[PDB]
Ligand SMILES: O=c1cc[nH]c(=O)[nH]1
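One chain comes next, on its own, written as structure tokens: the form solved without ligand URA.
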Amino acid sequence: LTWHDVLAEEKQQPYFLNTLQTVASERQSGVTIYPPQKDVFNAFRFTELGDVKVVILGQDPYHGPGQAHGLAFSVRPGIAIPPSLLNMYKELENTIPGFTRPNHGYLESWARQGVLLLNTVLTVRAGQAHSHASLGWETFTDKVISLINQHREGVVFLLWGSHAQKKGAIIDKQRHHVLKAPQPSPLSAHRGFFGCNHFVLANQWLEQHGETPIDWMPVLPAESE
């Protein structure tokens, strides 16, 4: 089973097609929408259903130029590491042996290892956080989480913030492994995100089950000749 097998019907629902046509409208209305259209579903491109090991939810895509590219918390090479990802890195530096501060914020190499970096809302108007939160994306990502719960076994869910935790309440905590903490943004990171140790705990779960742990040091695409 692939995403398109299990999502094909959802993607023909009127709410879903209407979300897309509203985004397409907004893109030509005089405001800029992030991320670009070709990138909205990149979490699914980079992490197939059968390849999901760890799910990390974000909420809103970053809303500044060059930031969002379809993966929760990640930014394009060359862009400064946003505060939420810096705080994730701080927790990583404090817990994973050998980890040091990366010089970039790009997390493709996490996704290609099975880390599903799923925002619950998949578009945003430039500079206007949460501006697409009532468009239909939350219904869609509700279904996505429900389908992972149903169709996979032994996935690690890192649920950061009340919003993500609410969304993951339906997950079977016997069949899957659910870990909770506050969000890594500056408002709450020092109130429980630091010290959550989620990255080490996720890897110990995977190892428990004969899966390769995640190499959390993210890697920049290489140059070629």
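When you see a residue number, it is the position in the sequence shown, counting from 1.
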With B-factors read from the PDB entry, the higher C-alpha mean of 167-175 and 181-189 is in 167-175
Mean Cα B-factor check, 96-104 vs 83-91, entry values; winner is 96-104
Comparing C-alpha B-factors across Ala43, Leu158, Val31, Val200 in this entry, the winner is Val31
In this crystal structure's PDB entry, the residue among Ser74, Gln113, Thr141, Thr123 with the greatest CA B factor is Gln113
Temperature factor at the Cα of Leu147, chain-ranked in thirds, falls in the middle
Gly195: C-alpha B-factor third of its chain, per the entry, is the middle
Binned into thirds over the chain's modelled residues, the C-alpha B-factor of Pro61 lands in the middle
Chain thirds by Cα B factor, record data; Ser134 belongs to the highest
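What comes next is about the form solved in complex with ligand URA, which does not appear here.
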Heavy atom of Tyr34 within 4.5 Å of ligand URA in the entry with it bound:
no
Indicate whether ligand URA has at least one heavy atom within 4.5 Å of a heavy atom of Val115 in the entry with it bound.
no
For this session: Verify the contact flag for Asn119: yes if a non-hydrogen atom of it lies within 4.5 Å of a non-hydrogen atom of ligand URA in the entry with it bound, no if not.
Result: yes
- Message: Residue-level question: is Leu71 within 4.5 Å of ligand URA in the entry with it bound, judged on heavy atoms?
- Response: yes
Assert contact_stretch over 24-32, 167-175, 186-194, 52-60 against ligand URA in the entry with it bound, heavy atom within 4.5 Å, equals 52-60
